[PDB]
Every structure is written in structure tokens, then in C-alpha cells.
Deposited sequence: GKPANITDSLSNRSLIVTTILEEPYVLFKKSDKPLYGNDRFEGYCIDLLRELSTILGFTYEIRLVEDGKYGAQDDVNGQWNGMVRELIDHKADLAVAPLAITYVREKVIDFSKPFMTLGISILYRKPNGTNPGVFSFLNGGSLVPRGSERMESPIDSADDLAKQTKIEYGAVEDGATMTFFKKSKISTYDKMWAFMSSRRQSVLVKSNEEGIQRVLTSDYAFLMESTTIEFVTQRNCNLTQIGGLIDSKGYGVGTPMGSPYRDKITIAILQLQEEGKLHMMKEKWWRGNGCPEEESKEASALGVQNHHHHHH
């Protein structure tokens, strides 16, 4: 068969990540806190877990440039965590980094540790097309993110209809981060095209916000890895193993469940 316990026991790895609730946070505390110890969140538990199985040591580092990884339109150069990996500056990228076609062409991904899809976040119409087929209520996504790239690329009529809308209204309707989008829903009359996984989080934390419709597509977040990295195939197996016993479900339950609505 294929055995993995301690399979990369000798290695010490550099993990790049980005701050995003509730995947990666700085711990709230009162003594000065140091190293890996600074951080917490779903991705942080996932790391601990993957490290226990695969037996490596690791250092967490926030992406220096502070972006996920888009390709520059003008000169076709990669930027965020995606960049960090190519220049081999990091071994692993553990974050809500969507496994994208474009991204997969320059980097290797593990199999998903979470599956999701694009959805609508509105103030408490119920279709992606209920939206595209109209003009009253404005809608948008995070600029140059996986969500946007979906519509930009889509040959399905509905989503290419919607992409035309947002493209024409680029600077008024595309936001620069999740929080900006959330706030823009609460403040204006705006439907935010957001990843279901993150909607589900804010939904049970703010009682005025709801999800409209189901999943427009389906993504996964994968552990990121330089092109052809040896470690990858192992990380995939180590993932499914956690998924198997239902640790992932429990980690999910831990950070997401809470207050209510």
C-alpha cells in the first residue's frame, strides 16, 4: 500500500498564510506571544493536525505582500502566496486559497480540505439569475479573486451576463476584501458575491445578513505547494485521513458554530 506516518519527519517547513477570519487569526492575549504560538484558527489547527500525522516542523509566516495570488494583467506575473511558492520562498500555503485552473497552471495544490462555492450575501429575489436579470439592486465581488475570475471566465450565459454588468461598473461595484463587501451590504443596497464557506460564518454572527440561493459553482480550498513539490501527495492523504475520522468536520464545527439566528 502506502504509509505516511512520520514520512517527512526530517523536514522543517516554512508555511506562508494570510490573515482571514476564521481561518487564521492572531491570538488575543496579554503576555507577549511568539512564533507559531501567535496564531490560531481553522487553518492553524489543520496545520497542527497535518504536522502530527506527517511529523514535520513548521514556521508560519504571513504573506509578505499580503495577497492571495493573482496574475498581473499587464506583465503576467504572479503576486501573493502563489508567488511566494514559485520563488520557493515557502513550502506550503495554508489559507482559504481557492484551487483555480489559472492557479493550478503555475502551482501544485493538494486535494481540498474544504469544499465550497460562490453564493449571495444580502441583507435579511433568490437566484443568481434573479439578480442578473435585473438592474435595481447592485451586486459585485472581490476584485481579481476566485469569485470574480469565475464570471470573467464563464461561458455560461447567466454568469457572463453578470460579468458584463460588473465589468462595466468595475470601480463602483467590485470591492477589495470580504469585510469591505460585508459592510457594503449592510450600508447600501447590494448583493455580495461571496464564498459560501465565509457566508456561513458571518451569517451566524450577524443576524441581519442572509444567504440567497444555493451554490453558483463548486470550489475547494487546497493546501498550496510549489510546482511538483514532493510533499503534496502526502498532504492529500493526510487530509483525507482527518476527513475520514471526522476531525475536519469538528474543526469546522469549532470555529463556525456559535451565537446563532
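According to the record, no C-alpha positions are given for deposited positions 1 to 2, 127 to 154, 292 to 312, numbered from 1.
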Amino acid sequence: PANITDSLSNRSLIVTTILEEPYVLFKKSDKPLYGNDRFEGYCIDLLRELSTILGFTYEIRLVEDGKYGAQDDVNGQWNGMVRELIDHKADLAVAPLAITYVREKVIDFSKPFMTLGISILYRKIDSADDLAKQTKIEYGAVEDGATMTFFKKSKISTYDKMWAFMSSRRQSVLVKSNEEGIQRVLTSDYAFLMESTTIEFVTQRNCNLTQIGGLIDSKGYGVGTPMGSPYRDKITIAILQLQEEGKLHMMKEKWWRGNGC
From here on, numbers count along this sequence of modelled residues.
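Higher mean CA B-factor, judged across 90 to 98 and 172 to 180 from the recorded values: 172 to 180. Sort the chain's modelled residues by C-alpha temperature factor and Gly145 lands in the highest third, per the entry.
Among the modelled residues of its chain, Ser110 has a C-alpha B-factor that falls in the lowest third according to the deposited record. Compared with the other modelled residues of the chain, the Cα B-factor recorded for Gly213 ranks in the highest third. Split the chain's modelled residues into thirds by C-alpha temperature factor. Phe192 is in the middle one. When the CA B factors of the chain's modelled residues are split into thirds, the value for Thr203 lands in the highest one.
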